[PDB]
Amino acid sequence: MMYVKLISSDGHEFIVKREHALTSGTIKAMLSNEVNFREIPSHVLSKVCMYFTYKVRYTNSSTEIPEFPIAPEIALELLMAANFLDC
C-alpha cells in the first residue's frame, strides 16, 4: 500500500494513504512523498486527515451517513485550510 506524509506547521507528521490525500487537488500538485504545510497547525491537519477517511468511506454508500463533527474552536482555521486545499 502506498502512503504519503503530511507535515503540520508545528512538526507533526501524519501518514495517510496516497489515494486519501488525492481528495485534495492542491496536495496532488504539491506531490507531482512528503508535503510541508507552513500555515496548517496539527489540531487542524489531524481533522483534515479524518475527513479523507470519512469521505472515502461514505462516498457511494446507502448505509445511513453520520454528520461530520467540527468543534466551534477549530471551525475558522479548518475553513481556511479547506479553501486552500479545495476539499
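Start at 1 with the first residue shown and count on from there.
Checklist entry - Per the entry, how many residues of the deposited chain go unmodelled between residue 32 and residue 33: none, 1 to 3, 4 to 9, or 10 or more? => result Unmodelled stretch: 10 or more residues.
Item to check | 33-41 set against 49-57, stretch whose average Cα temperature factor tops the other in the entry | outcome: Mean CA B-factor is higher for 33-41.
Checklist entry - Out of 21-29 and 74-82, which stretch has the higher average CA B-factor listed in the record? => result Higher mean C-alpha B-factor in the PDB entry: 21-29.
Checklist entry - For residue 67, does the deposited CA B-factor place it in the lowest, middle or highest third of the chain? => result Lowest third, going by the recorded CA B-factors of the chain.
Next on the checklist: Ranking the modelled residues of this chain by C-alpha B-factor as given in the entry, is residue 6 in the lowest, middle or highest third?
Outcome noted: According to the entry, residue 6 has a C-alpha B-factor in the chain's lowest third.
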